[PDB]
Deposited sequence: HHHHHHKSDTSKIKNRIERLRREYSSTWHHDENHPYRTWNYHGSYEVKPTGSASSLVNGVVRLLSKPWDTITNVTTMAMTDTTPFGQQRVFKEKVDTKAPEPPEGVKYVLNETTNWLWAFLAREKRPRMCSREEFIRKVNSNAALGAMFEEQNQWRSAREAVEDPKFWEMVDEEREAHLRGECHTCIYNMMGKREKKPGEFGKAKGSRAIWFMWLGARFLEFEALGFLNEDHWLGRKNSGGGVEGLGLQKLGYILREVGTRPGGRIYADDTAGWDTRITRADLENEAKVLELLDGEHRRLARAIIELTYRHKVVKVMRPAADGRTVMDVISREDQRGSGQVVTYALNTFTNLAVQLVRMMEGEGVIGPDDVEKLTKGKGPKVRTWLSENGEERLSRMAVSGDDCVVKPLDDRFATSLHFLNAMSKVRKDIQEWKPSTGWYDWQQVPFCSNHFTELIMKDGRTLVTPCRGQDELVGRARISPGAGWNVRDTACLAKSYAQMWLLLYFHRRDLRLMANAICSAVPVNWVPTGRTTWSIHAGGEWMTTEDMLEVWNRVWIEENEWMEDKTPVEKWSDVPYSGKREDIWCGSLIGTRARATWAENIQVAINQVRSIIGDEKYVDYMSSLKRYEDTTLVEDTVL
């Protein structure tokens, strides 16, 4: 029985596409809420756009049914529909009273702990423009945003919608962006992004989930640190190291989870609180999504639907909230594992022990938090003992059902942290020529090159494509330098792309903190700065003076993670790449290029 906080939106939409507005009676939506549609052109890209640079400089990976399949997506109104006709439904049942009580206490203690030192604040339009002028949003039309911010007409709209919220109403926030001319629709998706940043941006801008403030979080830490954090955690005495995943986390978030997240509001006052409340209850709990769909008579239409008690939006606020909730979830599971609560307390908390839960949170919460590494729905926990493996009563009752395992089958962990996966990566200890040890991230090489082969917008803008390829290359040199193929392929890209071109585009995926590779500065210089100078786990600060001195994985670890070394296809590519490099050059044109290759061929380890 809901459709009120949304009425405002559907209206502002109906009176713009009114010349097109209409009801379909063919809407396939029975899970979402159909509100009508309007005629629109079909923007749905045929399928996938390849990065011509990364692609030409990786011929062997042409025929790898693991990097290929990862590229072709369906942006067409047809694909947008097929996808939308598969999404999960298994409406996470609200937790029982006993579970709801423990979660309430836990989340009460957590919010208090996070707010112990820092004070919430509103983020300015200046911070916005600055986070906009760098940081990322999802493509290279990100310059359209850098421009929209300089336009007084975009902020005029923001002023109108901001005033609208201070009274508890939403008009132009729809987290979907599709469609003298007008760019209003764009000024709105972005506007909603600002209003949200202004109201709840402090969580991330002030690092409320950084390890220091959250104890278990890792916000702001790049891959150069995550490895060392895993080691530190995977060393506190106790049971094995557990790293369970929730099956479809986003769909397992309950109204109870949403209520607990919404407790931030109690931390705020006056205008800030009112602005934040409009975000939480208008733009988060009530979603307004747009979707293209092929209608009758070959005409395409934009369907305007909505959902109740939805996840949220603005993947930066989302990340903070997901981290918060997961931290709470793990604390509860630990409580059970330690025998503070059990199967008898699930339905109704027992034998007068609510004070025991508050005592445990009070005296153990902080230490317990330091035994976790939580990044959104991803986590690593080292409990006091292995009773954690069977501590599944509250976990399952919270709808946080583990992925790839029977509901009541105890979890399995490890002893050696050197193999625990975290943030789509397995962190390894690497011994350099000079005896020193690094802790580096590894992950399947097929996914690494597969992602680099992907590019936004039907690449007509070479500069962007080459610049994106360069960020991937330099990202690899910084994080995946130990992988033989990536080091070689990276240097090829850097040799084929003009030296003066600044790397642009998105490389940071899944993870977020990072971006050090987005420079025109020498990569050995930045490698030195992040792996030695600024590495608080690096005792000896003596710099490395050559790439040959920067270690590789063991020939065995390189393959463990998908190396093509030892293969003929890769033998033929490593030896005659200068041709492809030249080909790229000729195509991109007459520019200044530097050769990072030859210096590499000097330390080429081949055929075993």
**Asked** Could you list, start to end, the deposited-sequence stretches with no C-alpha atoms?
**Response** 1-7, 144-149, 193-204, 634-639
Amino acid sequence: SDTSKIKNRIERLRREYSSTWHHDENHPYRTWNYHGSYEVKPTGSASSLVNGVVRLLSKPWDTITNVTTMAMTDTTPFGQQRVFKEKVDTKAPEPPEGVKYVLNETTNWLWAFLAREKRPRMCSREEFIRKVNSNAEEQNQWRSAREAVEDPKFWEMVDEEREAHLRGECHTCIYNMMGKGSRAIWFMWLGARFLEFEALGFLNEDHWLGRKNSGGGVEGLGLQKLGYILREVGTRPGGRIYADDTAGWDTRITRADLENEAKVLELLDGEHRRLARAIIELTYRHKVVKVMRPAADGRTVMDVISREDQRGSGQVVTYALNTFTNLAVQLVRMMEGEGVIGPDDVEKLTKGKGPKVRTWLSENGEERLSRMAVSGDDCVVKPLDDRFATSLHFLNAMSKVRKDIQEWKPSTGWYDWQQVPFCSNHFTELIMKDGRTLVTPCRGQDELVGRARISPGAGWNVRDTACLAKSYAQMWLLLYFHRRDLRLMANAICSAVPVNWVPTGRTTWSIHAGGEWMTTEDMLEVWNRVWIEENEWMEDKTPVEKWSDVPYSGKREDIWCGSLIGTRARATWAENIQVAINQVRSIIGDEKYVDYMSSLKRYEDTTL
From here on, numbers count along this sequence of modelled residues.
**Between 344-352 and 458-466 (mean CA B-factor, as deposited), the higher** = 344-352
**Asked** On average, which has the higher Cα B-factor in the deposited entry, 258-266 or 85-93?
**Response** 85-93
**Fill in**
Max C-alpha B-factor within the set 474, 390, 325, 495 falls on 390
**Asked** When the CA B-factors of 72, 320, 112, 490 are compared as recorded in the entry, which is the largest?
**Response** 72
**Fill in**
The third of the chain into which the C-alpha temperature factor of residue 28 falls is the highest
**Prompt:** What third of its chain's C-alpha B-factors does residue 239 belong to: lowest, middle or highest?
**Reply:** highest
**Request:** Could you look up the Cα B-factor of residue 410 in the entry and say which third of the chain it sits in: lowest, middle or highest?
**Result:** highest
**Prompt:** So where's residue 449 on the chain's Cα temperature factor ranking, which third?
**Reply:** lowest
**Message:** When the deposited Cα B-factors of this chain's modelled residues are ordered and cut into thirds, is residue 437 in the lowest, the middle or the highest one?
**Reply:** middle
